[PDB]
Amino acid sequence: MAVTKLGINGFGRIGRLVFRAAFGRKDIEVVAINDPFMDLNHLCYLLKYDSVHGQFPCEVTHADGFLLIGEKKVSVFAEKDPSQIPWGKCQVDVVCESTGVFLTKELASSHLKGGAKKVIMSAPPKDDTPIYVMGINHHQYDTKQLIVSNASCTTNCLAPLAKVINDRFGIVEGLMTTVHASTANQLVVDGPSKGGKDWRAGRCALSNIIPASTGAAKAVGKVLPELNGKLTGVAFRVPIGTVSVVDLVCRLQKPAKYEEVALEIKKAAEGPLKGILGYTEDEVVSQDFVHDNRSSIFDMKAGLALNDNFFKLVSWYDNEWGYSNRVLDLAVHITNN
């Protein structure tokens, strides 16, 4: 209805990609960025070159303390304290909280105190903060809610898949495994992970298949109450720049042939979930989804059925890119709604 003004806290993989994903958009625009761990010179550099998604689609420069993207000026701050960021001065409608250390309503509030209208945590909340997944429950958003969560990359991939299958065949119970690409919280060589938590994530990322936990499957139950308590899963970190794959093993109430389930998913991908859920029958591999903007693409040939009620369903997702575009979709939605 009118260009949404976005503010970004934490200019990392997600911060920068959300920024990159906004470039095309004509319904949203980033006007402010905050990150106390990079000078303006360092920030332009990081935004300009990317080891996964290529160089920035435009010229990046800075002048007088502003970030210059073509002929637009973006304010840049270096506040370690969110409450200290002049979001208000910049007329920020929504702040993309993507530092990964303010995942609670009390912590994410400081942005509102700084003048920001609303806030979106680019990760699962540690509080009972409302969680939303585009194309799944975003239409159940209440404008009075000023702080929300866009969930996790994995939840965004599994959620759509789960809804379609449950909606028609009904999911009795399911277990999920996601082979996930490398992430910023990992180490180059064997070392101690932060807070001595999840020791495995401190092991050399270059040569290991690394077991990790994830609440993505249980989170689905929060976005789809009908599924609360019917799903859970694990993760396996692998040495891949980007693109992860969800592997859902489920039991359905109503019997079906793999072909029928596949057909149902395809129908959703071309209809109501077009743009969120994708469908394919090609012999694809992770690299094929690098920079794919969908939340999840069903891989028909990769999955299979043991019998008429026990299935193994596979779906890919660019954990970085898809998620970043969704953050923008949610930002626009909760501002014009």
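Quick note: we count residues from 1 along the sequence shown, nothing fancier.
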- Query: When the C-alpha temperature factors are averaged for each of 68-76 and 206-214, which stretch ends up with the higher value in the entry?
  - Reply: 68-76
- Note on the structure: Mean B factor on CA atoms, stretches 225-233 and 240-248, record says higher is 225-233
- Query: Out of 28, 302, 40, 276, which shows the largest CA B-factor listed in the entry?
  - Reply: 28
- Task: State the tercile, meaning the lowest, middle or highest third, of residue 58 with respect to the CA B-factors recorded for its chain.
- Result: highest
- Query: Sorting the chain's CA B-factors, does residue 186 end up in the lowest, middle or highest third?
  - Reply: lowest
- Going by what the PDB entry lists, where does residue 180 fall on CA B-factor within its chain: lowest, middle or highest third? lowest
- According to the PDB entry, is the CA B factor of residue 12 in the bottom, middle or top third of its chain, that is, lowest, middle or highest? middle
- CA B-factor ranking of residue 23, expressed as a third of its chain: highest
